[PDB]
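This report concerns only the one structure given below.
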Amino acid sequence: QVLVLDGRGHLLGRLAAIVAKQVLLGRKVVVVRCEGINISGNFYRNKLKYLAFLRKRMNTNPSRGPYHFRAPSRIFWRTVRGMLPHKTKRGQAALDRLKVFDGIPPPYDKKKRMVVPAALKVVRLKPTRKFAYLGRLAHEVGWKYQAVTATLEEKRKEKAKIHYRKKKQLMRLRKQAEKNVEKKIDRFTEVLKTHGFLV
Amino acid sequence: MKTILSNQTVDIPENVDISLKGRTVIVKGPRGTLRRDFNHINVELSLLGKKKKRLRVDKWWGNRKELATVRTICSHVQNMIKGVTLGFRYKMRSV
Amino acid sequence: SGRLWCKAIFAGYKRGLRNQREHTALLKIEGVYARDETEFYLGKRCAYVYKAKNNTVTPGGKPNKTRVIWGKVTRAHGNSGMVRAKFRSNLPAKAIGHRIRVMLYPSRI
Amino acid sequence: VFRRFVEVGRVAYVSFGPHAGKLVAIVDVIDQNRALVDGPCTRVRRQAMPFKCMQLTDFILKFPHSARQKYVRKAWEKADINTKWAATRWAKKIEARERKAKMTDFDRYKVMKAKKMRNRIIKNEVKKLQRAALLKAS
Amino acid sequence: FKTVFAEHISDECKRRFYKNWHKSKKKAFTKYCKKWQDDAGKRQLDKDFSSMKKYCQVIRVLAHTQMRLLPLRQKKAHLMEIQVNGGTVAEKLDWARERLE
Amino acid sequence: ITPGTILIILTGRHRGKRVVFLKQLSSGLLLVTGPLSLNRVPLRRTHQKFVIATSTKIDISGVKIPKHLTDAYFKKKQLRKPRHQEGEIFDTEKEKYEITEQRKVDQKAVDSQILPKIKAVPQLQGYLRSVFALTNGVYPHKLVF
RNA sequence: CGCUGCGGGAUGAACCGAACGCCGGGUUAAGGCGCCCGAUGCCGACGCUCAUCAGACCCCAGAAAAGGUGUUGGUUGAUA
RNA sequence: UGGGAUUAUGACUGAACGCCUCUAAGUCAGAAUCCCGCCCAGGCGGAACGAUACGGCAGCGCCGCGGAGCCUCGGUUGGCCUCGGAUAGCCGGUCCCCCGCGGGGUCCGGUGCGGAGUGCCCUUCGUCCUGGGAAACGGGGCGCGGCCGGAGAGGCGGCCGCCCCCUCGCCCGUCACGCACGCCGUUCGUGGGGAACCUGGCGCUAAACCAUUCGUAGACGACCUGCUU
Ligand SMILES: [Mg+2]
Ligand SMILES: [Mg+2]
Ligand SMILES: [Mg+2]
Ligand SMILES: [Mg+2]
Ligand SMILES: [Mg+2]
Ligand SMILES: [Mg+2]
Ligand SMILES: [Mg+2]
Ligand SMILES: [Mg+2]
């Protein structure tokens with residue numbers, strides 16, 4: 001029903017395009033952890049592109065002008081808006097299927113998350129190149145909450161490793177019982193083996 | 001062009017022991033220990049001999065620039081061994 | 001006691017860039033992402049269902065509020081599992097991105 | 001770090017192309033990205049094939065860097081790759097991946113009824129070991 | 001996150017509510033003040049100070065003035081939040097919980 | 001489609017059921033008995049194109065189908081002209097369908113000698129009491145029948 | 001061209017294709033196939049190139065002389 | 001009125017090019033510039049707390065339910081979760097040691113074009129009678145009690161003791177179940193969302209604006225304030 005995407009290790013534009021397509025096609029999409037997003041090109045290169053945008057503003061009343069959002073969440077939004085017909089209705093509903101966040105909030109910290117192999121950095125670039133993190137970049141241009149958002153992900157990790165040990169414990173038990181009562185399930189095991197399961 | 005292989009080697013004296021978690025070198029000796037990472041070069045490091053006598057660094061399929069790094073790793077290691085075994089002293093004068 | 005139909009998405013009309021030919025449609029099917037694997041779904045009947053304010057007839061039932069438009073799958077729109085289709089009365093354009101049904105009836109399997 | 005090499009006499013598996021699903025051997029290296037290739041005992045003529053096509057196996061043979069393929073036939077049959085090859089698990093995974101797709105509807109039913117019971121038992125067993133540990137945790 | 005008021009709040013503070021104090025019935029904090037002379041309210045309010053020790057980082061205190069003591073025509077008090085700055089959260093709650101009222 | 005094959009119906013009221021094929025008549029329509037005990041589906045006529053054939057089969061060659069069973073026998077019978085032609089009427093001559101005995105006799109005499117052959121295959125009953133459907137991750141062009 | 005619409009050139013008097021009764025089906029030209037936007041969601045082929053102003057498709061809407069142990073190719077002449 | 005990243009520049013280590021070299025990889029200092037701070041305003045932007053209408057007729061909230069009727073559309077099993085690496089990873093043992101039964105590392109054993117596989121996993125959807133064989137005590141009558149976190153935007157669920165009740169998973173034996181006579185919107189989230197008609201207990205009793213007054217306020221609007229005590 002609903003699709004969730006961890007953005008750690010992705011690239012900005014190659015992700016956005018895949019999103020905008022699905023979104024127009026009825027799907028509801030949720031992008032998470034937008035501070036892990038990377039960009040091609042070194043830091044200085046990319047900083048200028050953003051700072052040059054901050055010097056575009058209506059001379060006569062910049063209470064009206066281009067609004068220069070700072071956060072990683074809102075930047076990824078502002079990107080995708082460049083790939084849609086936002087000045088028409090079906091464009092405007094598309095935006096309202098998308099939710100973006102920075103960090104992993106409580107609804108979605110207990111759900112499995114997807115990845116695209118087509119917009120990853122290890123796949124689309126050569127390792128002898130440069131790249132930049134969008135989290136750092138916002139901090140330099142006035143994003144004020146890089147520092148608590150860190151503490152909150154730490155606490156998240158401190159609880160997930162708990163969950164995995166429980167899950168990792170139980171697998172041992174699942175596996176031990178199999179080899180104990182094998183004499184009782186020896187018949188139903190075979191047919192699975194004959195048809196491509198359990199082998 | 002591209003070339004298939006380039007490699008270079010470094011020896012170790014008996015007093016010293018080193019180890020590696022991939023591209024993360026651990027040195028230890030008389031004057032303590034040192035730790036340094038080379039996870040940004042893309043080479044293969046190996047360590048062979050009786051009690052790891054000798055080290056070689058090698059690279060496959062590289063350009064002119066990418067080959068230039070192979071000796072540079074080795075030069076750093078010679079410096080680290082020397083420091084933990086002997087230690088560096090620089091003198092400065094006033095005028 | 002369950003679903004007996006395959007699911008699809010109404011993506012838009014046949015078009016160029018600055019024109020439309022509203023008398024034929026394009027359809028995006030699930031699991032179908034290559035031209036080689038569309039020959040199954042040829043000749044088969046489609047449908048777009050919706051609910052209206054007034055009651056209407058039903059064959060073998062009481063007058064519920066549903067309504068349909070019928071179809072026929074025709075051919076393939078290029079390399080990637082997209083499809084073309086035609087109906088009786090051209091679609092409304094509020095259906096874009098919604099769900100239509102692909103049946104299995106003219107079987108040759 | 002590396003364990004598998006591109007050598008003269010290194011065996012490989014073709015994953016996509018006209019000849020996918022077939023073993024073959026390497027004979028000589030043409031360039032950075034191409035090789036001269038042969039499998040006689042798998043119905044594969046001598047031809048060129050790139051490296052992006054095939055994966056490297058842990059088997060290897062012994063012959064010089066160009067022969068007349070009567071010799072390649074010997075070394076192949078000498079070591080009995082065919083028997084060794086189906087021994088692997090890798091291959092058994094390919095064999096099983098076949099059979100699932102060939103599986104018809106009556107076969108797809110009997111599996112349903114079997115898979116069900118298998119998991120009833122295993123869950124009902126795991127329930128017991130938990131209690132035993134919770135009360136032997138003392 | 002959460003807030004607490006005391007048990008007795010004089011009228012000059014209650015005039016900050018109630019734009020028209022003249023034709024009102026003055027039924028403010030009448031039900032909230034009943035869980036101080038109670039048993040479960042003692043359990044209900046004190047289950048909350050524990051949270052604030054645990055899930056909070058910043059403490060502020062509500063205070064108001066004494067307007068009887070002035071010559072002015074006015075009677076309404078002025079409220080304001082003030083920040084407590086010190087060592088740790090638990091200290092500031094104890095310091096304030098004593099200093100209340 | 002060959003005598004003894006098993007077929008999925010997918011249009012009517014007896015929808016999505018699994019049945020058994022006897023033979024083809026002289027009108028292009030197929031004769032089906034999803035044996036009444038199991039599927040609750042009798043001798044009927046069905047169209048060869050509104051159905052799927054499975055790759056699952058049995059041996060039926062030894063079996064006695066009567067001569068009198070025809071397209072003239074599986075015919076509907078309604079549309080009676082002697083009517084008032086005025087009122088809240090005109091589908092009122094019992095309004096309903098009622099079964100003759102001759103049909104019963106026919107169903108019994110056949111399934112008597114069909115059914116033992118079925119039980120010669122294990123688990124072939126649950127397949128003929130179940131119902132077909134689609135679910136998540138089951139694309140039909142992929143699955144072979 | 002003016003008297004002449006249409007597909008492409010983001011837009012457009014003349015540039016490229018092609019000239020018009022009203023409709024159905026198929027195929028093309030010139031251009032093109034990340035998303036806006038129809039179509040490569042080919043397991044496409046061989047190389048080049050990193051820019052603290054990168055480059056990006058006739059008409060066409062922006063730049064030269066001279067230079068550079070930046071890097072890849074080549075010619076000539078010498079030395080081992 | 002205070003900081004952060006860096007320019008121009010000067011330096012470290014160090015290859016290519018045995019040597020040399022501020023650069024190729026990798027580091028350091030660095031400014032009336034830049035961004036933020038302090039400072040002004042506060043979004044078709046959220047939050048916590050208070051009180052919630054008995055008058056000559058009135059009227060509302062919560063819980064629990066029986067029938068109906070209007071308007072607005074979607075949909076047609078579910079997936080309750082390690083972190084991260086990529087010229088390397090995963091599991092088990094934890095033989096051996098470190099951090100307060102837990103986690104970190106060395107040494108070992110298996111796996112690795114990932115079978116402790118999302119090319120995946122769970123879940124069965126014809127009902128009923130009895131009459132035999134393998135595998136077996138699970139649940140709840142909006143059931144009997146407490147523990148919590150959750151606190152990043154829960155709008156969230158979970159594990160031991162009782163009043164009761166029952167025989168469901170697999171394989172065979174025996175039949176019944178409108179067999180509606182070839183056919184379209186069948187089949188589930190659904191007691192959906194919003195108003196109006198609506199059937200008993202447990203609980204509730206007020207505010208804003210105008211007129212009036214004040215001048216710290218003011219073109220008029222607005223704003224600060226006082227008056228049955
Ligand atoms: Mg419906
Ligand atoms: Mg003319
Ligand atoms: Mg044009
Ligand atoms: Mg132009
Ligand atoms: Mg274009
Ligand atoms: Mg500074
Ligand atoms: Mg510099
Ligand atoms: Mg610095």
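Numbers here mean position along the shown chain, with the first residue as 1.
Going by what the header records, the deposited coordinates were determined by electron microscopy, 3.1 Å.
From the backbone N, Cα and C atoms, a Cβ is placed for every residue, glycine too.
Pulled from Swiss-Prot, these are the features on record:
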MOD_RES   D:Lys78  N6-acetyllysine
MOD_RES   D:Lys84  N6-succinyllysine
MOD_RES   D:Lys84  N6-acetyllysine
CROSSLNK  D:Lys123  SUMO2 cross-link
MOD_RES   D:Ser138  phosphoserine
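Here the features listed in Swiss-Prot are painted onto the structure.
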residue  : record            : DSSP (3 states)
D:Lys78  : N6-acetyllysine   : helix
D:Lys84  : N6-succinyllysine : helix
D:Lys123 : SUMO2 cross-link  : helix
D:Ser138 : phosphoserine     : coil
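Geometry remark: D:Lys84 (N6-succinyllysine) versus D:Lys78 (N6-acetyllysine), CA distance 12 Å. In this view, D:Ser138 (phosphoserine) is surrounded by 4 other Cβ atoms within 10 Å of its Cβ, with every protein chain counted. Each residue contributes its Cα atom, and for the residue listed as 'phosphoserine' and D:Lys123 (SUMO2 cross-link) those atoms are 24 Å apart. Distance between Cα atoms for D:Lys123 (SUMO2 cross-link) and D:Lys78 (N6-acetyllysine): 49 Å, as a whole number. All protein chains considered, the CB of D:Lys78 (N6-acetyllysine) has 10 other CB atoms within 10 Å. For D:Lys123 (SUMO2 cross-link), other Cβ atoms within 10 Å of its Cβ number 11. Taking the Cβ of the residue listed as 'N6-succinyllysine' as centre and 10 Å as the limit, one finds 11 other Cβ atoms among all the protein chains shown.
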